[PDB]
$ cat work03.txt   # compact mmCIF, N, CA, C and O atoms
# COMPACT_ATOMS: atom_id res chain seq x y z
N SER A 1 0.81 -1.21 0.00
CA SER A 1 0.00 0.00 0.00
C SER A 1 0.84 1.27 0.00
O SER A 1 0.29 2.37 -0.05
N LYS A 2 2.17 1.13 0.06
CA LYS A 2 3.04 2.30 0.03
C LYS A 2 4.08 2.24 -1.08
O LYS A 2 5.03 3.03 -1.04
N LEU A 3 3.96 1.33 -2.04
CA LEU A 3 4.91 1.27 -3.14
C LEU A 3 4.82 2.54 -3.97
O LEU A 3 3.75 3.16 -4.08
N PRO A 4 5.93 2.97 -4.58
CA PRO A 4 5.90 4.17 -5.43
C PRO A 4 5.40 3.88 -6.84
O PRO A 4 6.07 4.16 -7.84
N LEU A 5 4.20 3.30 -6.92
CA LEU A 5 3.63 2.94 -8.21
C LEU A 5 3.33 4.19 -9.03
O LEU A 5 2.88 5.20 -8.50
N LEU A 6 3.57 4.10 -10.34
CA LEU A 6 3.38 5.22 -11.25
C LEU A 6 2.49 4.78 -12.40
O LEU A 6 2.49 3.62 -12.81
N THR A 7 1.72 5.73 -12.93
CA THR A 7 0.83 5.47 -14.05
C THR A 7 1.44 5.99 -15.35
O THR A 7 2.45 6.69 -15.36
N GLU A 8 0.81 5.62 -16.46
CA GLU A 8 1.29 6.07 -17.76
C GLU A 8 1.14 7.58 -17.92
O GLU A 8 1.89 8.20 -18.67
N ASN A 9 0.17 8.18 -17.22
CA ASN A 9 -0.06 9.61 -17.31
C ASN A 9 0.94 10.43 -16.50
O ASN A 9 0.96 11.66 -16.65
N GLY A 10 1.75 9.80 -15.67
CA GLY A 10 2.73 10.54 -14.89
C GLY A 10 2.06 11.36 -13.82
O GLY A 10 1.21 10.86 -13.06
N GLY A 11 2.46 12.63 -13.72
CA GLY A 11 1.79 13.53 -12.77
C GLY A 11 2.58 13.73 -11.50
O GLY A 11 3.59 13.03 -11.32
N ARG A 12 2.13 14.65 -10.65
CA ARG A 12 2.81 14.89 -9.35
C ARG A 12 2.40 13.78 -8.38
O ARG A 12 1.51 14.02 -7.55
N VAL A 13 3.03 12.60 -8.50
CA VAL A 13 2.75 11.48 -7.57
C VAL A 13 4.07 10.87 -7.10
O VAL A 13 4.98 10.76 -7.95
N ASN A 14 4.20 10.57 -5.80
CA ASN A 14 5.39 9.95 -5.21
C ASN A 14 6.48 10.99 -4.93
O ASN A 14 7.55 10.98 -5.53
N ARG A 15 6.18 11.89 -4.00
CA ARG A 15 7.17 12.86 -3.54
C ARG A 15 7.71 12.42 -2.18
O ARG A 15 6.96 11.98 -1.31
N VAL A 16 9.03 12.54 -2.01
CA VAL A 16 9.70 12.05 -0.82
C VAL A 16 10.41 13.21 -0.12
O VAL A 16 10.54 14.31 -0.65
N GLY A 17 10.87 12.94 1.10
CA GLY A 17 11.56 13.93 1.89
C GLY A 17 12.87 13.38 2.43
O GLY A 17 13.22 12.22 2.21
N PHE A 18 13.59 14.24 3.15
CA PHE A 18 14.90 13.90 3.70
C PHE A 18 15.10 14.62 5.03
O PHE A 18 14.25 15.41 5.47
N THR A 19 16.23 14.34 5.68
CA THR A 19 16.50 14.86 7.01
C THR A 19 17.98 14.65 7.32
O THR A 19 18.56 13.65 6.92
N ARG A 20 18.58 15.61 8.03
CA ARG A 20 19.94 15.45 8.56
C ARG A 20 19.93 15.72 10.05
O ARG A 20 19.60 16.83 10.49
N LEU A 21 20.29 14.71 10.84
CA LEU A 21 20.49 14.89 12.27
C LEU A 21 21.91 15.38 12.54
O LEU A 21 22.80 15.31 11.69
N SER A 22 22.12 15.87 13.76
CA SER A 22 23.42 16.41 14.14
C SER A 22 23.81 15.89 15.52
O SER A 22 22.96 15.70 16.39
N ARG A 23 25.11 15.66 15.69
CA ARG A 23 25.68 15.23 16.96
C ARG A 23 26.23 16.44 17.70
O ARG A 23 26.06 17.59 17.27
N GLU A 24 26.90 16.20 18.82
CA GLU A 24 27.47 17.28 19.62
C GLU A 24 28.48 16.70 20.60
O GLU A 24 28.30 15.59 21.10
N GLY A 25 29.54 17.46 20.86
CA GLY A 25 30.54 17.09 21.84
C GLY A 25 30.95 18.30 22.67
O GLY A 25 30.57 19.43 22.39
N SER A 26 31.73 18.02 23.71
CA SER A 26 32.13 19.07 24.64
C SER A 26 33.45 18.76 25.33
O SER A 26 33.73 17.60 25.65
N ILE A 27 34.27 19.78 25.56
CA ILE A 27 35.55 19.62 26.24
C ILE A 27 35.39 20.09 27.68
O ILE A 27 34.91 21.20 27.93
N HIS A 28 35.78 19.25 28.62
CA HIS A 28 35.75 19.59 30.03
C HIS A 28 37.17 19.75 30.55
O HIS A 28 38.16 19.61 29.81
N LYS A 29 37.29 20.05 31.84
CA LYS A 29 38.58 20.23 32.48
C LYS A 29 38.62 19.48 33.80
O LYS A 29 37.59 19.33 34.47
N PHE A 30 39.81 19.01 34.17
CA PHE A 30 40.02 18.31 35.42
C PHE A 30 41.40 18.65 35.95
O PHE A 30 42.26 19.15 35.22
N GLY A 31 41.60 18.40 37.24
CA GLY A 31 42.90 18.63 37.84
C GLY A 31 42.93 18.64 39.35
O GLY A 31 42.01 19.13 40.00
N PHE A 32 44.00 18.08 39.93
CA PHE A 32 44.23 18.10 41.36
C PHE A 32 45.67 18.52 41.63
O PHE A 32 46.46 18.71 40.71
N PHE A 33 46.00 18.67 42.91
CA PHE A 33 47.34 19.07 43.31
C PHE A 33 47.60 18.62 44.73
O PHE A 33 46.73 18.07 45.41
N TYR A 34 48.83 18.86 45.19
CA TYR A 34 49.23 18.48 46.54
C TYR A 34 50.48 19.25 46.92
O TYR A 34 51.40 19.39 46.10
N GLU A 35 50.52 19.77 48.15
CA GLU A 35 51.64 20.55 48.63
C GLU A 35 52.57 19.70 49.48
O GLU A 35 52.22 18.60 49.91
N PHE A 36 53.76 20.23 49.74
CA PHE A 36 54.78 19.51 50.50
C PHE A 36 55.87 20.48 50.92
O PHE A 36 56.29 21.32 50.12
N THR A 37 56.32 20.37 52.16
CA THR A 37 57.40 21.21 52.65
C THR A 37 58.75 20.55 52.42
O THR A 37 58.85 19.35 52.12
N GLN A 38 59.81 21.35 52.55
CA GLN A 38 61.16 20.83 52.34
C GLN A 38 61.61 19.96 53.50
O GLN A 38 62.32 18.96 53.29
N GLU A 39 61.21 20.30 54.72
CA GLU A 39 61.55 19.54 55.91
C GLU A 39 60.81 18.21 55.99
O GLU A 39 61.12 17.39 56.85
N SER A 40 59.85 17.99 55.10
CA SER A 40 59.24 16.67 54.96
C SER A 40 59.85 15.85 53.85
O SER A 40 59.45 14.70 53.67
N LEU A 41 60.80 16.40 53.08
CA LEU A 41 61.46 15.65 52.03
C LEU A 41 62.94 15.42 52.28
O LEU A 41 63.48 14.43 51.79
N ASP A 42 63.61 16.29 53.04
CA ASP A 42 65.03 16.09 53.33
C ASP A 42 65.24 15.33 54.64
O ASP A 42 66.12 14.46 54.72
N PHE A 43 64.45 15.64 55.66
CA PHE A 43 64.61 15.03 56.98
C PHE A 43 63.65 13.87 57.23
O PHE A 43 63.20 13.67 58.36
N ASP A 44 63.31 13.11 56.20
CA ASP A 44 62.38 12.00 56.33
C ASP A 44 63.14 10.67 56.32
O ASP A 44 64.37 10.63 56.25
N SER A 45 62.39 9.58 56.38
CA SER A 45 62.97 8.25 56.46
C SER A 45 63.16 7.59 55.09
O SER A 45 64.02 6.71 54.97
N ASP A 46 62.41 8.00 54.08
CA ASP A 46 62.52 7.45 52.74
C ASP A 46 63.02 8.55 51.81
O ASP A 46 62.40 9.60 51.69
N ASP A 47 64.16 8.30 51.16
CA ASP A 47 64.72 9.28 50.24
C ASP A 47 63.90 9.41 48.97
O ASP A 47 64.04 10.42 48.26
N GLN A 48 63.06 8.43 48.66
CA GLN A 48 62.27 8.42 47.43
C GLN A 48 60.81 8.75 47.67
O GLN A 48 59.93 8.26 46.95
N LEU A 49 60.52 9.57 48.68
CA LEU A 49 59.13 9.94 48.97
C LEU A 49 58.53 10.72 47.80
O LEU A 49 57.39 10.46 47.39
N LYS A 50 59.27 11.68 47.26
CA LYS A 50 58.75 12.52 46.19
C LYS A 50 58.45 11.71 44.94
O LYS A 50 57.43 11.92 44.28
N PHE B 1 56.87 54.71 30.03
CA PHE B 1 55.96 53.69 30.54
C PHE B 1 56.70 52.38 30.77
O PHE B 1 57.50 51.96 29.94
N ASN B 2 56.41 51.74 31.90
CA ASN B 2 56.92 50.41 32.22
C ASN B 2 55.74 49.44 32.15
O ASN B 2 54.75 49.61 32.87
N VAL B 3 55.86 48.43 31.30
CA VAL B 3 54.82 47.43 31.11
C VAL B 3 55.37 46.07 31.50
O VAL B 3 56.36 45.61 30.93
N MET B 4 54.73 45.43 32.48
CA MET B 4 55.16 44.13 32.98
C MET B 4 54.04 43.13 32.72
O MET B 4 52.98 43.19 33.35
N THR B 5 54.28 42.21 31.79
CA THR B 5 53.32 41.17 31.45
C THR B 5 53.83 39.83 31.95
O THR B 5 55.02 39.51 31.81
N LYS B 6 52.93 39.04 32.53
CA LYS B 6 53.25 37.69 33.00
C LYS B 6 52.18 36.76 32.44
O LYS B 6 51.13 36.56 33.04
N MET B 7 52.47 36.20 31.27
CA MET B 7 51.49 35.37 30.58
C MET B 7 51.21 34.12 31.41
O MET B 7 52.12 33.58 32.05
N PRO B 8 49.97 33.64 31.44
CA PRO B 8 49.65 32.44 32.21
C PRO B 8 50.49 31.25 31.78
O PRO B 8 50.70 31.01 30.59
N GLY B 9 50.98 30.50 32.76
CA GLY B 9 51.83 29.36 32.52
C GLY B 9 52.62 28.98 33.75
O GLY B 9 52.07 28.90 34.85
N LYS B 10 53.92 28.76 33.58
CA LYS B 10 54.78 28.46 34.72
C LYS B 10 55.07 29.70 35.55
O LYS B 10 55.43 29.58 36.73
N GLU B 11 54.93 30.89 34.98
CA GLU B 11 55.31 32.13 35.64
C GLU B 11 54.20 32.71 36.52
O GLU B 11 54.43 33.74 37.16
N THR B 12 53.03 32.09 36.56
CA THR B 12 51.96 32.55 37.43
C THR B 12 51.54 31.52 38.47
O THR B 12 50.57 31.77 39.20
N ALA B 13 52.22 30.38 38.54
CA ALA B 13 51.88 29.36 39.52
C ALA B 13 52.35 29.76 40.90
O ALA B 13 53.41 30.38 41.06
N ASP B 14 51.57 29.39 41.91
CA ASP B 14 51.92 29.63 43.30
C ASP B 14 51.09 28.70 44.16
O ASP B 14 50.22 27.98 43.66
N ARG B 15 51.37 28.71 45.46
CA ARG B 15 50.57 27.89 46.37
C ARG B 15 49.13 28.36 46.44
O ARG B 15 48.27 27.61 46.93
N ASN B 16 48.84 29.57 45.97
CA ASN B 16 47.47 30.07 45.90
C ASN B 16 46.77 29.65 44.62
O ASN B 16 45.56 29.37 44.65
N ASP B 17 47.48 29.61 43.50
CA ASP B 17 46.96 29.12 42.23
C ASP B 17 47.97 28.11 41.69
O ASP B 17 48.86 28.46 40.91
N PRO B 18 47.87 26.85 42.13
CA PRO B 18 48.84 25.85 41.67
C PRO B 18 48.74 25.53 40.19
O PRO B 18 49.72 25.02 39.62
N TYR B 19 47.61 25.81 39.54
CA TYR B 19 47.45 25.44 38.15
C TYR B 19 47.98 26.50 37.19
O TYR B 19 48.28 26.18 36.03
N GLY B 20 48.10 27.75 37.63
CA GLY B 20 48.68 28.78 36.81
C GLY B 20 47.83 29.18 35.62
O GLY B 20 48.20 28.91 34.47
N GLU B 21 46.69 29.82 35.88
CA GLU B 21 45.77 30.19 34.82
C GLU B 21 45.62 31.69 34.61
O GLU B 21 45.31 32.10 33.48
N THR B 22 45.82 32.51 35.63
CA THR B 22 45.55 33.94 35.55
C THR B 22 46.85 34.71 35.36
O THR B 22 47.78 34.57 36.16
N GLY B 23 46.91 35.52 34.31
CA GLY B 23 48.02 36.43 34.10
C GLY B 23 47.57 37.87 34.25
O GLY B 23 46.43 38.11 34.66
N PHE B 24 48.44 38.82 33.93
CA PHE B 24 48.07 40.23 34.05
C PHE B 24 48.98 41.05 33.14
O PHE B 24 49.83 40.52 32.42
N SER B 25 48.78 42.37 33.17
CA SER B 25 49.61 43.32 32.43
C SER B 25 49.49 44.69 33.08
O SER B 25 48.43 45.33 33.00
N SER B 26 50.56 45.17 33.70
CA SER B 26 50.52 46.39 34.49
C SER B 26 51.39 47.46 33.85
O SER B 26 52.52 47.19 33.43
N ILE B 27 50.83 48.67 33.71
CA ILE B 27 51.59 49.82 33.13
C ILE B 27 51.77 50.89 34.21
O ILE B 27 50.75 51.48 34.63
N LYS B 28 53.01 51.15 34.64
CA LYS B 28 53.27 52.14 35.71
C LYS B 28 54.17 53.26 35.17
O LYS B 28 55.04 52.95 34.33
N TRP B 29 53.96 54.50 35.62
CA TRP B 29 54.75 55.64 35.08
C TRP B 29 54.85 56.79 36.07
O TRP B 29 53.97 56.93 36.94
N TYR B 30 55.91 57.60 35.95
CA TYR B 30 56.14 58.76 36.79
C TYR B 30 55.80 60.02 36.01
O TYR B 30 56.00 60.08 34.79
N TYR B 31 55.30 61.04 36.71
CA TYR B 31 54.98 62.32 36.10
C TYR B 31 55.13 63.43 37.13
O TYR B 31 54.81 63.25 38.30
N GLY B 32 55.62 64.58 36.66
CA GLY B 32 55.80 65.73 37.51
C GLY B 32 55.78 67.00 36.69
O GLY B 32 55.68 66.98 35.46
N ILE B 33 55.87 68.13 37.39
CA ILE B 33 55.83 69.44 36.75
C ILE B 33 56.66 70.41 37.58
O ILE B 33 56.82 70.24 38.79
N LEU B 34 57.19 71.43 36.91
CA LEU B 34 57.95 72.50 37.55
C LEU B 34 57.54 73.82 36.92
O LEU B 34 58.12 74.25 35.92
N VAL B 35 56.53 74.47 37.50
CA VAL B 35 56.09 75.76 37.00
C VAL B 35 57.11 76.82 37.42
O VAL B 35 57.25 77.14 38.60
N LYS B 36 57.85 77.34 36.44
CA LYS B 36 58.92 78.29 36.73
C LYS B 36 58.43 79.72 36.70
O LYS B 36 58.82 80.53 37.55
N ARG B 37 57.58 80.06 35.73
CA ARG B 37 57.02 81.41 35.59
C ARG B 37 55.51 81.29 35.51
O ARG B 37 54.93 81.35 34.42
N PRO B 38 54.83 81.11 36.65
CA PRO B 38 53.37 81.09 36.65
C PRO B 38 52.75 82.39 36.19
O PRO B 38 51.54 82.44 35.93
N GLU B 39 53.55 83.45 36.09
CA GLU B 39 53.10 84.71 35.52
C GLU B 39 52.71 84.59 34.06
O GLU B 39 51.97 85.44 33.56
N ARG B 40 53.19 83.56 33.36
CA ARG B 40 52.93 83.42 31.94
C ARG B 40 51.74 82.53 31.62
O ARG B 40 51.16 82.65 30.54
N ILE B 41 51.36 81.64 32.53
CA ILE B 41 50.15 80.85 32.35
C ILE B 41 48.96 81.70 32.78
O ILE B 41 48.91 82.19 33.91
N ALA B 42 47.99 81.86 31.88
CA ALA B 42 46.78 82.62 32.17
C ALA B 42 45.56 81.76 31.85
O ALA B 42 45.52 81.09 30.81
N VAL B 43 44.58 81.80 32.74
CA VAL B 43 43.34 81.06 32.57
C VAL B 43 42.19 82.07 32.52
O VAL B 43 42.35 83.24 32.88
N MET B 44 41.04 81.60 32.06
CA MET B 44 39.85 82.45 32.01
C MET B 44 38.62 81.54 32.11
O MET B 44 38.45 80.64 31.29
N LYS B 45 37.78 81.79 33.11
CA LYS B 45 36.64 80.93 33.38
C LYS B 45 35.34 81.62 32.98
O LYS B 45 35.13 82.79 33.29
N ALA B 46 34.48 80.87 32.29
CA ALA B 46 33.16 81.36 31.92
C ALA B 46 32.26 80.17 31.63
O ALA B 46 32.74 79.08 31.30
N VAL B 47 30.95 80.39 31.74
CA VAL B 47 30.01 79.32 31.42
C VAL B 47 29.89 79.17 29.91
O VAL B 47 30.32 80.03 29.13
N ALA B 48 29.29 78.06 29.49
CA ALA B 48 29.14 77.72 28.09
C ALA B 48 27.68 77.41 27.80
O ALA B 48 26.95 76.95 28.68
N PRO B 49 27.22 77.65 26.57
CA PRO B 49 25.83 77.34 26.23
C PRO B 49 25.62 75.84 26.06
O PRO B 49 26.56 75.08 25.85
N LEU B 50 24.36 75.43 26.15
CA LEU B 50 23.99 74.02 26.05
C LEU B 50 24.47 73.40 24.74
O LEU B 50 24.54 74.07 23.71
$ encode --input "work03.txt" --output "C-alpha cells"
Amino acid sequence: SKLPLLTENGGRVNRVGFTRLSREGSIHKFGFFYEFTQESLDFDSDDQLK
Amino acid sequence: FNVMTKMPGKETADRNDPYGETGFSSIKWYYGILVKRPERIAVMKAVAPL
C-alpha cells in the first residue's frame, strides 16, 4: 500500500523527503594538586618519597 | 611607561593558584611638573551654552 507505483499519465505522484540529524561534543577540564614542605622531604625516612 | 606582562603558565603558579591560569599586564609611570614662571600661564573661566 506504500509502493511508489506510477501510471502512464505521470503527474505529481510519489514525492519524498529527507533529514539530517546532528551530533554534539564538549571539552571539560580536570585537575588536582598536593603541597609539601622541604623539611618533609630532606629530613624523612625514605629518600624516594617525592 | 613600564609594562610588565606575566602570561599564564609556569610564571603565574603559586601555592594560591597551583594550576597557573591567571596572568596580568601592568603599566606604571612617573609624572611631575615644575612651573617656573606662573606669571605666563593665564586662565579664564566662563560658562558655556547648552
$ interface_residues --input "work03.txt" --of "chain A" --to "chain B" --cutoff "8 Å" --atoms "only N, CA, C and O atoms" --output "compact mmCIF listing (two decimals) with N, CA, C and O atoms, in the frame of the given file"
# COMPACT_ATOMS: atom_id res chain seq x y z
N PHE A 32 44.00 18.08 39.93
CA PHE A 32 44.23 18.10 41.36
C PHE A 32 45.67 18.52 41.63
O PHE A 32 46.46 18.71 40.71
N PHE A 33 46.00 18.67 42.91
CA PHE A 33 47.34 19.07 43.31
C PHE A 33 47.60 18.62 44.73
O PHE A 33 46.73 18.07 45.41
N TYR A 34 48.83 18.86 45.19
CA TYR A 34 49.23 18.48 46.54
C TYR A 34 50.48 19.25 46.92
O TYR A 34 51.40 19.39 46.10
N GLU A 35 50.52 19.77 48.15
CA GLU A 35 51.64 20.55 48.63
C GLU A 35 52.57 19.70 49.48
O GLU A 35 52.22 18.60 49.91
$ residues_around --input "work03.txt" --residues "residue 28 of chain B" --least-positions-apart "6" --cutoff "7 Å" --atoms "only N, CA, C and O atoms" --output "PyMOL selection string"
chain B and resi 1-4
$ atom_distance --input "work03.txt" --atom1 "atom O of residue 23 of chain B" --atom2 "atom O of residue 9 of chain B"
10.8 Å
$ atom_distance --input "work03.txt" --atom1 "atom N of residue 44 of chain A" --atom2 "atom N of residue 14 of chain B"
24.6 Å
$ axis_aligned_box --input "work03.txt" --around "segment 10-23 of chain A" --padding-each-side "4 Å" --output "JSON"
{"center_x": 13.7, "center_y": 13.7, "center_z": 1.0, "size_x": 33.0, "size_y": 15.8, "size_z": 41.4}
$ atom_distance --input "work03.txt" --atom1 "atom CA of residue 12 of chain B" --atom2 "atom N of residue 25 of chain B"
11.2 Å
$ closest_residue --input "work03.txt" --among "B:42, B:22, B:34, B:29" --to "residue 10 of chain B" --atoms "only C-alpha atoms"
B:22
